[PDB]
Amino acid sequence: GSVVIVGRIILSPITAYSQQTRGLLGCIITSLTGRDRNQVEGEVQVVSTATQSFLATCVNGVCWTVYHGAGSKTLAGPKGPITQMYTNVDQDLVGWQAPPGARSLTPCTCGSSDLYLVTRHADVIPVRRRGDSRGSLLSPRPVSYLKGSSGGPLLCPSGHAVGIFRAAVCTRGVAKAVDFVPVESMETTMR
């Protein structure tokens, strides 16, 4: 069925909090109908299919997320299912036109290597950029702590978008680094 917004993360020093918007039953039903009448708020949406859940981040009026989460699926919306505007399987990246009411991040232009990752539990954790698509976690955490966060944003100190979280680099269940899709690839995907 469709991807369904089931909660959101609202960003403020960078702080974040989460709010549930849908229960499990309404989620399954909304997935089948593709029709979602709820108001959307926040920069990050917690999204779910019938089988898995993850995050989507809105940057410049597009809601972006990971292909391994969303596949080719539509996003449930007020006028029915929304077709993907961008589908880049190789970069593991999909996008839908952002619901009205979602607040867009703007892409980072400062080039800072001092980043923050916002997790599914609305924790904001320090990351050090280590190249185009990798950052080290300055404080390693169990991978369990990052479960459900695929598609979440990496932010620079000014709260602009650097990338979206794709995968964790792990040894023995401890996440030491993150792999991400740089905001540049969103620009390349678009134009």
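Residue numbers run from 1 along the displayed sequence.
*Asks:* How many residues that are in the deposited sequence but not in the model lie between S12 and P13: none, 1 to 3, 4 to 9, or 10 or more?
*Replies:* Missing in between: 4 to 9 residues.
*Asks:* When the C-alpha temperature factors are averaged for each of 119-127 and 133-141, which stretch ends up with the higher value in the entry?
*Replies:* Mean B over CA atoms: larger for 133-141.
*Asks:* Would you determine, from the values in the PDB entry, which of 180-188 and 1-9 has the greater average C-alpha temperature factor?
*Replies:* Going by the record's values, the stretch with the higher mean is 180-188.
*Asks:* Which listed residue, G148, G42, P157, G152, has the largest C-alpha temperature factor in the record?
*Replies:* Going by the entry's C-alpha B-factors, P157 comes out highest.
*Asks:* Among the chain's modelled residues, which third holds the C-alpha B-factor of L105?
*Replies:* Middle third by C-alpha B-factor.
*Asks:* Taking the values exactly as deposited, rank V89 by C-alpha B-factor within its chain and report the matching third: lowest, middle or highest.
*Replies:* Its C-alpha B-factor belongs to the highest third of this chain's values.
*Asks:* Compared with the other modelled residues in the chain, in which third is the CA B-factor of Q97?
*Replies:* Its C-alpha B-factor belongs to the middle third of this chain's values.
*Asks:* Sorting by Cα B-factor within the chain, modelled residues only, which third would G77 end up in: lowest, middle or highest?
*Replies:* CA B-factor rank for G77: lowest third.
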